[PDB]
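Trainee: What would the 3D arrangement of this be:
(one chain, ligands or ions: 4)
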Amino acid sequence: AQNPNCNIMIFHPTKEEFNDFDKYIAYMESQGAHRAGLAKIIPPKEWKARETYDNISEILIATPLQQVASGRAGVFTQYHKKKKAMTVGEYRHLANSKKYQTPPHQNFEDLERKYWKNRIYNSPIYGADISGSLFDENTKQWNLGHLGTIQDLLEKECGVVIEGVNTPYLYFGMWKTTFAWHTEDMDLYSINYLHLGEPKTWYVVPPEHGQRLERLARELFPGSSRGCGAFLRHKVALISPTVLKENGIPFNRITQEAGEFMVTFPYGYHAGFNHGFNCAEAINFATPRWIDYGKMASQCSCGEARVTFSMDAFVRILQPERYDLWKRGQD
Ligand SMILES: O=C(O)CNC(=O)C(=O)O
Ligand SMILES: [Mg+2]
Ligand code: NI
Ligand SMILES: [Zn+2]
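Mentor: Numbers count the residues shown, from 1 in each chain. Ligands and ions are numbered 1, 2, ... in the order given. Dropping the coordinates below:
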């Protein structure tokens with residue numbers, strides 16, 4: 001078995017190997033990359049996402065989210081408070097202000113310490129989940145707006161044509177902006193490209209150990225757990241690396257820098273934070289190996305998780321027994 005310790009693997013495809021996305025994902029899996037739950041892909045030196053980032057300031061963040069924490073430094077939840085619209089230019093200025101800017105630090109490790117120590121005492125503002133793309137239409141390789149769709153994959157594997165579309169999202173981040181512990185909708189893959197700015201630190205639990213994370217989370221968030229059998233779908237809970245180590249949960253960590261791709265694999269729980277002003281683009285995708293995960297994915301039916309139009313058909317076709325209860329949650 002390849003990669004039996006479930007370490008995060010880092011790939012350096014050549015320009016030739018960067019042509020066929022599906023084939024390269026399948027290559028990574030042949031080397032065991034999926035066992036970690038997350039891989040890093042460094043694009044060939046010849047490649048670029050677009051020519052420059054000099055003209056992005058007029059993009060609108062219609063609903064910036066202020067991430068307010070409750071709990072203790074290592075075990076907390078966050079809720080999102082809606083703020084007034086602002087442009088990317090306005091947001092970048094706010095990120096760089098004395099109130100929100102990254103503190104002085106020595107290295108990534110020092111910054112990570114400062115994050116876990118101090119995150120709860122501040123409420124950073126995240127521009128998340130903005131439909132759109134920063135890839136140039138002429139970028140042919142690993143263009144996240146031109147991937148094969150999940151609907152077409154389900155059709156190719158299972159023969160059923162379904163409604164729905166699959167498009168990318170932009171994330172504008174600042175110091176301490178946080179992504180809570182989650183897997184993707186329907187335990188899909190994700191791919192994330194850091195277009196510009198400061199790094200993003202990730203933590204991940206191997207898919208084969210995801211249930212260990214879930215059991216810890218039920219112990220650490222006992223009211224949430226009683227409210228919903230899949231409350232990590234709410235994307236509100238944070239657990240620090242110190243706390244995971246104390247409880248014997250297997251995980252790994254890696255820092256993503258500008259120009260790098262991360263791929264999350266089905267049922268790979270992940271969480272993390274942004275180091276400073278940045279912009280990432282991400283999208284879900286599927287492969288033939290996903291289908292079995294989609295069939296087994298947990299669902300939130302308490303009504304909190306409320307998700308895209310396109311998840312309907314996935315539940316309907318892959319989880320017909322669950323469909324009725326799940327749709328009651330959506331309505
Ligand atoms: O970048 C972020 O805030 C969160 N991204 C993801 O969880 C992802 O790409 O799967
Ligand atoms: Mg603009
Ligand atoms: Ni994710
Ligand atoms: Zn729920």
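Trainee: can I assume residue 128 sits in a strand?
Mentor: Yes. If the criterion is DSSP: H, G, I helix; E, B strand; the rest coil, then residue 128 is within a strand.
Trainee: what number of residues lie near it?
Mentor: Residues lying near residue 128 (other CB atoms under 10 Å) number 19. Any C-beta I mention is one placed from the backbone N, CA and C, and that applies to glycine too.
Trainee: Could I get the full set of helices for the stretch 201-331 of the chain?
Mentor: With DSSP state H, counting those that start in this stretch as the criterion, the stretch 201-331 of the chain has helices at 210-220, 222-227, 241-246, 290-296, 311-318, 320-330.
Trainee: Comparing these, which comes out most buried?
Mentor: Mean neighbour count (mean count of other CB atoms under 10 Å) peaks for helix 311-318 among these, with a mean of 19.
Trainee: how about the helices of the stretch 201-331 of the chain, which one is nearest residue 272?
Mentor: helix 241-246 (10.8 Å; CB to CB).
Trainee: Check which helices and strands that closest one sits against.
Mentor: Applying 3 or more CB pairs under 8 Å, 6 or more residues apart in numbering; DSSP states H and E, one finds that helix 241-246 contacts helix 210-220.
Trainee: Now tabulate the helices of the stretch 201-331 of the chain in TSV and tack on distance to ligand 4.
Mentor: Below are these laid out as TSV (distance: least, CB to the ion, whole Å):
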stretch	distance to ligand 4
helix 210-220	13
helix 222-227	7
helix 241-246	23
helix 290-296	18
helix 311-318	14
helix 320-330	7
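Trainee: Most proximal residue of the stretch 1-150 of the chain with respect to ligand 2?
Mentor: Minimum separation of the stretch 1-150 of the chain from ligand 2 (CB to the ion) falls at residue 58, amounting to 3.2 Å.
Trainee: residues in contact with the residue lying closest to that residue once chain neighbours are set aside?
Mentor: Distances taken as CB to CB, 6 or more residues apart in numbering put residue 87 closest to residue 58, at 5.8 Å, once the chain neighbours are dropped. Shown in contact with residue 87 (CB atoms under 8 Å, 6 or more residues apart in numbering): 57-61.
Trainee: Please identify, among the residues you listed, the one with the most neighbours.
Mentor: If you count neighbours using other CB under 10 Å, the busiest of the contacts of residue 87 is residue 61, which has 21 neighbours.
Trainee: In contact with that one, which residues?
Mentor: Here residue 61 is in contact with 85-88, 91, 127, 130, 172 (CB under 8 Å, 6+ apart).
Trainee: Just send those back as TSV, with distance to ligand 4 too.
Mentor: As requested, these are exported to TSV (distance: CB to the ion, whole Å):
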residue	distance to ligand 4
85	28
86	30
87	34
88	32
91	30
127	25
130	24
172	27
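Trainee: Which ones among those residues map onto strands?
Mentor: 86-87, 127, 130, 172 (DSSP state E).
Trainee: Please list which of those residues are also close to ligand 2.
Mentor: When CB under 5 Å from the ion is applied, no member of those is adjacent to ligand 2.
Trainee: Now which of those would you call buried?
Mentor: 86, 127, 130, 172 (16 or more other CB atoms under 10 Å).
Trainee: Quickly check those residues for the two that are furthest apart.
Mentor: 86 and 130 (12.0 Å).
Trainee: from memory residue 142 sits against residue 43, does it?
Mentor: Yes. Assessed by CB atoms under 8 Å, residue 142 is found in contact with residue 43 at 6.6 Å.
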